[PDB]
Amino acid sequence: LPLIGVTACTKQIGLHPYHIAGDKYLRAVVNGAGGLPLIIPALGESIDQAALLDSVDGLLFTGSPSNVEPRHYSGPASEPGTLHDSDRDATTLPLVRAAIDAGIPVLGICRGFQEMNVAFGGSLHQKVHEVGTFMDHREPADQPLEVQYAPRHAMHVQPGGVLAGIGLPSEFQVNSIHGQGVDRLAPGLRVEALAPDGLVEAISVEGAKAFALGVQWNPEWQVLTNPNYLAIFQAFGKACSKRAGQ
């Protein structure tokens, strides 16, 4: 089994600080990518990043309720109350760039897709639903997970990239659990898919030595019941297996 590192978030739980990761991301690595998920703590520069990269066969940058701090893309200060995770930002943004340069497969989901865009020099809309023209991409409030993570808008694959290459249909439906989204696309990123309002919702890293894909939706959700989500996780898993085989 390939060793797939999964990014942690930080959280104070009672008296103590913790590093946490969502069960559903870990189960998707097992059930969809065929990998062994181990959680990468959000320790930033305290860890030798190069040693961390040498030790994993791929990286999953997970979603999170928190938001990339806008200073990393020279954005406007966030509204009071906005959730941030500075320790995660300090870990993931340098890790993305280093992983892609070293040829470690990368899959970014939701916040992790936003991280990929910011890490390569792009910017975000902090409230897509207040921009105008764009849909409200947030999940419905006061609903169970099954409703929040159900398919809610279409997704239009752009030919000639990773998603077309794995054989996804030209249009398929995706879930949508995000209040932020891509504003300026980072240089060197290929657009892989667009929402029907034109929002960029998937990207790949041009010229990357290994699999390097980010998606704005949440394909870890019940991955075995969605052939499109599963196809993405299986392609990521194959790339990780390639690395593990060395």
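So that there is no doubt, residue numbering starts at 1 and follows the sequence shown.
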| request: Between 118-126 and 71-79, name whichever shows the higher mean Cα B factor according to the PDB entry. | output: 71-79
| Mean Cα B-factor comparison, 26-34 or 41-49, giving the higher one as deposited | 41-49
| message | Out of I232, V223, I13, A21, whose C-alpha atom has the biggest B factor in the entry? | response | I13
| Selection from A150, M155, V106, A102 [criterion: highest C-alpha temperature factor in the record] | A102
| In terms of the CA temperature factor given in the entry, to which third of its chain does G161 belong: lowest, middle or highest? | highest
| task | Within this chain's modelled residues, let me know which third the CA B factor of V131 belongs to: lowest, middle or highest. | result | lowest
| query | Among the chain's modelled residues, which third holds the C-alpha B-factor of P65? | reply | middle
| task | Consider only the C-alpha atoms of the modelled residues in this chain, order them by B-factor as the entry records it, and name the third containing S86: lowest, middle or highest. | result | highest
| query | Lowest, middle or highest third of the chain for the C-alpha temperature factor of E206? | reply | highest
